[PDB]
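Participant: Please find one structure pasted underneath; my questions will follow.
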Amino acid sequence: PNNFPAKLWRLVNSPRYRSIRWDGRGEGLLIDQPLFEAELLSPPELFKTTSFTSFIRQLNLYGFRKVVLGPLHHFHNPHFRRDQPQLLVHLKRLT
Amino acid sequence: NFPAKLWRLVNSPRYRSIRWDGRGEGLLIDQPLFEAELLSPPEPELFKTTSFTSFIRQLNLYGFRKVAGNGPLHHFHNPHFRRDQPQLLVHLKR
Amino acid sequence: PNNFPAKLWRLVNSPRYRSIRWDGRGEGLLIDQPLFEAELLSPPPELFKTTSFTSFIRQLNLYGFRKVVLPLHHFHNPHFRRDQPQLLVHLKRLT
DNA sequence: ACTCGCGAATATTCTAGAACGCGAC
DNA sequence: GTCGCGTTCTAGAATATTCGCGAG
């Protein structure tokens, strides 16, 4: 089972999780690290880690990278897109 | 006997801790209530084990897969364990 | 908080953690499961990340602990003995 | 500097292999 | 007497987390 991509989709898409959201084009995600730490690592639900760096490690394992051009983090994956949810099936850890 | 016991348990409102999910395609188990009323002292349906992990082993052995009172809500599902299609129960094998 | 063998040694030897202790001969450990869940699995300095006693059992077996052949659990490992800490070096994960 | 992003060890999660006793034939 | 079942204990394998750090 590939649970992490579906969980990430739920977090990004849901307006409860304000700290992690779609970017303006729906082709990447924006993360406000202080709010993320407060609402998703401190108290879809609830990661086991309290360390934002462990969450970044997961993003990287599933192929997310930072976008190159508020101190928001901006990540992207070709198979993580608002207008093409059917691509989510390709998100996997390497084996 | 286990498929029939599971069917009776999920369908019976007397046993609160194990029930159909919201869409009727899987079962929800409240572990504290299940242990309190179904594996240790609460016609009753009586398991012989007192350990929830052995019940989980039974669920897995018959092909169930993992997919709000106080504690861990477990959510299991099996394509052959179905509210509106009981005739599929014959396909359950250990 | 250090590797599982060192952590377990700390837990078993320290009287602060009442739920996990040496047996009468110092050749196995006794675990009171309700108390262990309350004091070593229930978040509010030695806390495991899991909240599940079954995951702790998985760790015990992974490092070679077995139940003593005749809740209060009694486990033993030939390399985990009160009067021989030098044996701890032989404990390995079965991987 | 300082950040990005991966290697590898450990922990956790979920499921299964196999032994053994018992109940239903 | 004989199997199938239920149970128990331990383990396989995938994921999640942790720790560390090389490259730019």
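Labeling convention for the structure tokens: chains A, B, ... as they appear, residues from 1 per chain, ligands from 1 in order of appearance.
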Among chain B, which residues carry a DSSP assignment of helix (DSSP H, G or I), reported as a ChimeraX atom specification?

Facilitator: /B:2-11,31-39,52-61,86-91

Participant: Export C-alpha atoms of the chosen residues as a PDB file, in the first residue's frame?

Facilitator:
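To be explicit, this is the file written out as out.pdb:
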ATOM      1  CA  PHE B   2     -15.144 -17.266  12.367  1.00  0.00           C
ATOM      2  CA  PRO B   3     -16.818 -15.693   9.279  1.00  0.00           C
ATOM      3  CA  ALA B   4     -20.250 -16.320  10.813  1.00  0.00           C
ATOM      4  CA  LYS B   5     -19.158 -14.968  14.202  1.00  0.00           C
ATOM      5  CA  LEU B   6     -17.729 -11.852  12.549  1.00  0.00           C
ATOM      6  CA  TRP B   7     -20.917 -11.321  10.534  1.00  0.00           C
ATOM      7  CA  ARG B   8     -23.076 -11.655  13.652  1.00  0.00           C
ATOM      8  CA  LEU B   9     -20.814  -9.328  15.642  1.00  0.00           C
ATOM      9  CA  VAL B  10     -20.688  -6.554  13.044  1.00  0.00           C
ATOM     10  CA  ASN B  11     -24.433  -6.765  12.386  1.00  0.00           C
ATOM     11  CA  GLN B  31     -10.100  -1.850  20.640  1.00  0.00           C
ATOM     12  CA  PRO B  32     -10.712  -0.884  24.317  1.00  0.00           C
ATOM     13  CA  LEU B  33     -14.435  -1.635  24.104  1.00  0.00           C
ATOM     14  CA  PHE B  34     -13.760  -4.799  22.098  1.00  0.00           C
ATOM     15  CA  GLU B  35     -11.353  -6.090  24.744  1.00  0.00           C
ATOM     16  CA  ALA B  36     -13.697  -5.094  27.579  1.00  0.00           C
ATOM     17  CA  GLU B  37     -16.915  -6.601  26.199  1.00  0.00           C
ATOM     18  CA  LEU B  38     -15.691  -9.306  23.778  1.00  0.00           C
ATOM     19  CA  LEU B  39     -12.445 -10.928  25.014  1.00  0.00           C
ATOM     20  CA  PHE B  52      -6.737  -8.715  20.516  1.00  0.00           C
ATOM     21  CA  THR B  53      -3.610  -9.587  18.519  1.00  0.00           C
ATOM     22  CA  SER B  54      -4.917 -13.135  18.051  1.00  0.00           C
ATOM     23  CA  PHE B  55      -8.180 -11.672  16.738  1.00  0.00           C
ATOM     24  CA  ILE B  56      -6.121  -9.546  14.325  1.00  0.00           C
ATOM     25  CA  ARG B  57      -4.293 -12.707  13.264  1.00  0.00           C
ATOM     26  CA  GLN B  58      -7.671 -14.304  12.535  1.00  0.00           C
ATOM     27  CA  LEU B  59      -8.751 -11.283  10.476  1.00  0.00           C
ATOM     28  CA  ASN B  60      -5.540 -11.401   8.414  1.00  0.00           C
ATOM     29  CA  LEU B  61      -5.682 -15.197   7.995  1.00  0.00           C
ATOM     30  CA  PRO B  86     -23.940 -11.894   2.384  1.00  0.00           C
ATOM     31  CA  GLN B  87     -23.772 -14.624  -0.293  1.00  0.00           C
ATOM     32  CA  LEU B  88     -20.070 -13.806  -0.747  1.00  0.00           C
ATOM     33  CA  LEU B  89     -19.251 -15.078   2.767  1.00  0.00           C
ATOM     34  CA  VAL B  90     -18.804 -18.601   1.359  1.00  0.00           C
ATOM     35  CA  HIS B  91     -15.594 -17.459  -0.376  1.00  0.00           C
TER      36      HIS B  91
END

Participant: Please run DSSP on the backbone and report, as a list in words, all residues within chain A that come out as strand (DSSP E or B).

Facilitator: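 Answer for chain A restricted to strand (DSSP E or B) is residues 20, 21, 22, 29, 30, 31, 65, 66, 73, 74, 75 and 76 of chain A.
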
Participant: Would you write out those residues with N, CA, C and O atoms, as a PDB file, in the first residue's frame?

Facilitator:
ATOM      1  N   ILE A  20       0.096  23.738   4.710  1.00  0.00           N
ATOM      2  CA  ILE A  20       0.572  23.033   3.524  1.00  0.00           C
ATOM      3  C   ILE A  20      -0.530  23.108   2.477  1.00  0.00           C
ATOM      4  O   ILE A  20      -1.660  22.670   2.730  1.00  0.00           O
ATOM      5  N   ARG A  21      -0.228  23.714   1.326  1.00  0.00           N
ATOM      6  CA  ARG A  21      -1.282  24.060   0.379  1.00  0.00           C
ATOM      7  C   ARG A  21      -0.721  24.075  -1.036  1.00  0.00           C
ATOM      8  O   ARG A  21       0.485  24.108  -1.244  1.00  0.00           O
ATOM      9  N   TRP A  22      -1.620  24.087  -2.013  1.00  0.00           N
ATOM     10  CA  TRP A  22      -1.212  24.174  -3.411  1.00  0.00           C
ATOM     11  C   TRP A  22      -0.560  25.518  -3.701  1.00  0.00           C
ATOM     12  O   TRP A  22      -0.951  26.549  -3.150  1.00  0.00           O
ATOM     13  N   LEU A  29       3.600  22.403  -4.090  1.00  0.00           N
ATOM     14  CA  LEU A  29       3.042  22.659  -2.773  1.00  0.00           C
ATOM     15  C   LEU A  29       3.906  23.663  -2.014  1.00  0.00           C
ATOM     16  O   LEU A  29       5.130  23.714  -2.176  1.00  0.00           O
ATOM     17  N   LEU A  30       3.239  24.474  -1.196  1.00  0.00           N
ATOM     18  CA  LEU A  30       3.846  25.483  -0.339  1.00  0.00           C
ATOM     19  C   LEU A  30       3.650  25.082   1.118  1.00  0.00           C
ATOM     20  O   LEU A  30       2.530  24.743   1.525  1.00  0.00           O
ATOM     21  N   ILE A  31       4.727  25.146   1.901  1.00  0.00           N
ATOM     22  CA  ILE A  31       4.708  24.734   3.307  1.00  0.00           C
ATOM     23  C   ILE A  31       5.212  25.878   4.165  1.00  0.00           C
ATOM     24  O   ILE A  31       6.353  26.324   4.002  1.00  0.00           O
ATOM     25  N   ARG A  65      11.156  17.708  -4.964  1.00  0.00           N
ATOM     26  CA  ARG A  65      12.351  18.539  -4.898  1.00  0.00           C
ATOM     27  C   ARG A  65      11.910  19.986  -4.723  1.00  0.00           C
ATOM     28  O   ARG A  65      10.769  20.332  -5.026  1.00  0.00           O
ATOM     29  N   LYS A  66      12.811  20.824  -4.206  1.00  0.00           N
ATOM     30  CA  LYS A  66      12.531  22.250  -4.095  1.00  0.00           C
ATOM     31  C   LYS A  66      12.467  22.923  -5.468  1.00  0.00           C
ATOM     32  O   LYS A  66      13.224  22.603  -6.383  1.00  0.00           O
ATOM     33  N   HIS A  73       8.383  27.008   2.016  1.00  0.00           N
ATOM     34  CA  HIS A  73       9.051  25.996   1.217  1.00  0.00           C
ATOM     35  C   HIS A  73       8.176  25.696   0.011  1.00  0.00           C
ATOM     36  O   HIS A  73       6.954  25.596   0.133  1.00  0.00           O
ATOM     37  N   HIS A  74       8.797  25.549  -1.152  1.00  0.00           N
ATOM     38  CA  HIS A  74       8.069  25.288  -2.388  1.00  0.00           C
ATOM     39  C   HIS A  74       8.628  24.000  -2.986  1.00  0.00           C
ATOM     40  O   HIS A  74       9.771  23.978  -3.444  1.00  0.00           O
ATOM     41  N   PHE A  75       7.838  22.929  -2.960  1.00  0.00           N
ATOM     42  CA  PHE A  75       8.246  21.631  -3.503  1.00  0.00           C
ATOM     43  C   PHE A  75       7.400  21.247  -4.708  1.00  0.00           C
ATOM     44  O   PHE A  75       6.283  21.735  -4.894  1.00  0.00           O
ATOM     45  N   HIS A  76       7.937  20.339  -5.521  1.00  0.00           N
ATOM     46  CA  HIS A  76       7.196  19.890  -6.686  1.00  0.00           C
ATOM     47  C   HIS A  76       7.601  18.463  -7.017  1.00  0.00           C
ATOM     48  O   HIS A  76       8.705  18.021  -6.688  1.00  0.00           O
TER      49      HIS A  76
END

Participant: If we count only C-alpha atoms (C1' of nucleotides), what is near region 10-18 of chain D at a cut-off of 12 Å, once residues fewer than 6 positions away on the same chain are taken out, given as a PyMOL selection string?

Facilitator: (chain A and resi 1+48-49) or (chain B and resi 53+56-67+76+94) or (chain C and resi 1-5+48-60+62-63+92-93+95) or (chain E and resi 7-19)

Participant: With a distance cut-off of 12 Å and only C-alpha atoms (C1' of nucleotides), select the neighbouring residues of residue 6 (chain C), excluding the residue or stretch itself and same-chain residues fewer than 2 positions from it, and output the selection as a list in words.

Facilitator: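 Residues meeting the cut-off are residues 1, 2, 3, 4, 8, 9, 10, 11, 12, 13, 46, 63, 80, 85, 86, 87, 88, 89 and 91 of chain C.
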
Participant: Please produce, as a tab-separated table, a per-residue contact table for chain D versus chain A (criterion: any atom at most 9 Å away, only C-alpha atoms (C1' of nucleotides) considered), showing the nearest atom pair and its distance in Å to one decimal, sorted by chain then residue number.

Facilitator:
residue	atom	partner	partner_atom	distance
D:4	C1'	A:66	CA	7.8
D:5	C1'	A:60	CA	6.8
D:6	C1'	A:60	CA	8.6

Participant: Next, the residues of the selection above should be written as an mmCIF file, in the first residue's frame with C-alpha atoms (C1' of nucleotides).

Facilitator:
data_model
loop_
_atom_site.group_PDB
_atom_site.id
_atom_site.type_symbol
_atom_site.label_atom_id
_atom_site.label_comp_id
_atom_site.auth_asym_id
_atom_site.auth_seq_id
_atom_site.Cartn_x
_atom_site.Cartn_y
_atom_site.Cartn_z
ATOM 1 C "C1'" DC D 4 19.399 20.388 -0.787
ATOM 2 C "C1'" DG D 5 18.886 15.907 -1.117
ATOM 3 C "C1'" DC D 6 20.674 10.992 -0.584
#

Participant: Within 10 Å of residue 84 (chain A), counting only C-alpha atoms (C1' of nucleotides), which residues show up once you throw out same-chain ones fewer than 4 positions away? Write them as a list in words, please.

Facilitator: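 Residues near the query, excluding close chain neighbours: residues 26, 27, 79, 80 and 88 of chain A.
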